[PDB]
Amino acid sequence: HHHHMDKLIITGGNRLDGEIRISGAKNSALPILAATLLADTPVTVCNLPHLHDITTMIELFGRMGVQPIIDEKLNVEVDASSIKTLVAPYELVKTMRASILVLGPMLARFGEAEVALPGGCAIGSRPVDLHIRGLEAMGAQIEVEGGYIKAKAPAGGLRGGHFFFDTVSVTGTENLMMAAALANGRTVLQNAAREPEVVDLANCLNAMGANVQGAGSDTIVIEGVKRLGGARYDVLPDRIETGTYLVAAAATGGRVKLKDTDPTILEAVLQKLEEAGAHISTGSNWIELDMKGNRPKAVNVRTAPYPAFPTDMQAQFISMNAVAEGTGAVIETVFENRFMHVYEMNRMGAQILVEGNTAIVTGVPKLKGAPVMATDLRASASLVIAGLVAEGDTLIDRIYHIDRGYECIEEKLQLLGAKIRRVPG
């Protein structure tokens, strides 16, 4: 029973050892839940991770007059044809900018949508101009007023169009894919995001009766249909959660077997772990990592859109490099100043120099436990890893960020022999 004021207390010094199951991808669940707005019979979304971003998306639907049902198996059924209010309120959107994913499907299905324009997120520069322009390319009339994106479809509905992304955008690609699914005619999205969650969304849409081809490549072709039905869909495994537990095991010089995952959606990460000296073996749906008694070797990292190394794994590799042998350069090209975790790890004795988009990490044998503060729902997992490799106790506050991004992180780490406990708020 997580609470906003929860903390984690970690005692470092244990080599991890054990097996856990990987949960469904948070960032596939979010767009697929938004996609349920397109369906005229109920959609059941399965393999959901139990983390707070799902709760927020469910709350958002509630504010629109749609009451999702969580069954005994913890799957979510959404029947969007009870929708009352075509508005995604600022009160909710300000807490989770991924809420913007309802813009595309709401507009395509219902002919109009008012969605709060996301403001600042501490991660970095994250405008949504390409979401707006892409929809305008489908005939949408859009204005910004009162802090809302106010969108209206042409008479007869959205029309298929060509749209070229000047910058690769994950949720931008997802938003336009969903809108295109019910548009009149052919849509071609160029320089599309290739992220596995984009493919998962396309596969869900096709299960609902859409015609989405090319997901996973630079070019997505959508032939719009008049209506979509509801299906039952299991979201793919979470590659960021997968990578995070592999790094935790590597950093502690231990080992882990991950089940219900997929090695083919984090090749960049697996290769970097092999560079760090990890012994890795894989199967269709499992990964085993074993350091076999060695400290990790420092590695260089460069973030970029999939299939390159993910910005959502960058912080975790800093915490591993922090206790590795040698010097590693960690470079961001996606979110150039996403390094808040560095300055917390500095409190724990890490040796890290930051210049612009580059973090230069000099590994030390062990960090030093200290209280630190989470701020980033994916990157702050690095603070948990840092705690695992620190002398003494590390007390992490503002865990609510981490609880947005990971299912019960301390319960899974306890199964791997970590000394970690949640301190109730």
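Start at 1 and count along the sequence shown; that's the residue number.
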query	finding
Between 354-362 and 379-387 (mean CA B-factor, as deposited), the higher	354-362
Mean C-alpha B-factor comparison - 280-288 and 240-248, higher one	280-288
Residue selected from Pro305, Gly111, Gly119, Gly147 by maximal Cα B factor	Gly111
Among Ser99, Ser217, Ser169, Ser319 - the residue whose C-alpha B-factor is largest in the record	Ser217
Record-listed C-alpha B factor of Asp129: chain third	middle
Third of the chain, ranked by Cα B-factor, where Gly293 sits	highest
Among modelled residues of the same chain, the CA temperature factor third for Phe339	lowest
Position of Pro105 among the chain's modelled residues by C-alpha B-factor, lowest, middle or highest third	middle
Cα B factor band for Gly12 (lowest, middle or highest third within the chain)	middle
